[PDB]
């Protein structure tokens, strides 16, 4: 509904087909930091689950609902829109938990729950936190949340920071410059070079990297899942003013995210920062086609603007300038089509 509204079928069909593969559920489950942190966040806040009713938004294999079960929940509604829902039902049976975990096929925007829930859990985070637009589904699900019900995760921080990394910049530039060739098999491609450069630099780069390449402390943008509304994520405007710690070419901004589970007994954090062990999300870098030259001490300022689209992703706009010189850089990146360098 709300879902069909914001989503083209050519997208929502391809999307849920992807999460119908066991191997893709496996990719997430295998991420030990992710899965192990969720289990610990849930088991260590057992009072948040003991005898409670819970909703698992996008249960996939069902793994998070089993954690809720382990922690004493009385009833768990496990909503899943892809065919994976059937495999989850199989696991519920084979694990003898039919009396507590109830699989409900369909989009959380479109199904009905027999009752309101004390707590919603989900693992909706995408690359750069926001990709896939599933955070909106998670927020949407709050229509089933009892007053003063809890959200696991409770908040999310996106971090961005300027980086230098010229091996990357040049590896992407060299790819583009195939289209600079004046005589490919006798044919001059060079008029497209600009188009080429644009296309390659529109791809955010997903992989990890040494923290040494960061040139200033990260700026933080926070979403409070207890408080935000779906619509807060349609247009995300992240202003930044970095205070440069090193001089050098700025080749772009790197992004990563943390979420926190604020339970009654303790807060637990899941981080995908480059200072932390690798997760299946790696990190994300948006390159500038034309890097900015900065001296330690300069401030680099501008805006990262994320505009949600109907492909369950975002068009990313990044404008940055070195205040001291007036050197500007503007970029547009298409989060739907990442470059997996790893």
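Residue numbers count along the first chain shown, from 1. Between two forms, the rigid core is the largest collection of C-alphas that superpose within 1.5 Å.
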*Comparing 26-34 with 64-72, which has C-alphas lying farther from the shown form in 8 other deposited structures of this protein once the core is aligned?*
26-34
*Return whichever of 132-140 or 181-189 has the larger RMS Cα deviation from the displayed form in 8 other deposited structures of this protein, where every structure is aligned on the rigid core.*
181-189
_Stretch with the greater mean C-alpha B-factor as recorded in the entry, comparing 145-153 against 266-274_ = 145-153
_Which of 46-54 and 301-309 has higher mean CA B factor, as the PDB entry lists it_ = 46-54
*Which listed residue, 159, 185, 212, 133, has the largest C-alpha temperature factor in the record?*
212
*Quick one: which of 80, 258, 123, 110 shows the highest Cα temperature factor in the PDB entry?*
110
*Among modelled residues of the same chain, the CA temperature factor third for residue 114*: highest
_Assigned third (lowest, middle, highest) for the C-alpha B factor of residue 68_ = middle
*Quick one: classify residue 294 as lowest, middle or highest third of the chain based on its Cα B-factor.*
highest
*Compare the C-alpha B factor of residue 19 with those of the other modelled residues in its chain, then answer lowest, middle or highest third.*
lowest
*Position of residue 173 among the chain's modelled residues by C-alpha B-factor, lowest, middle or highest third*: highest
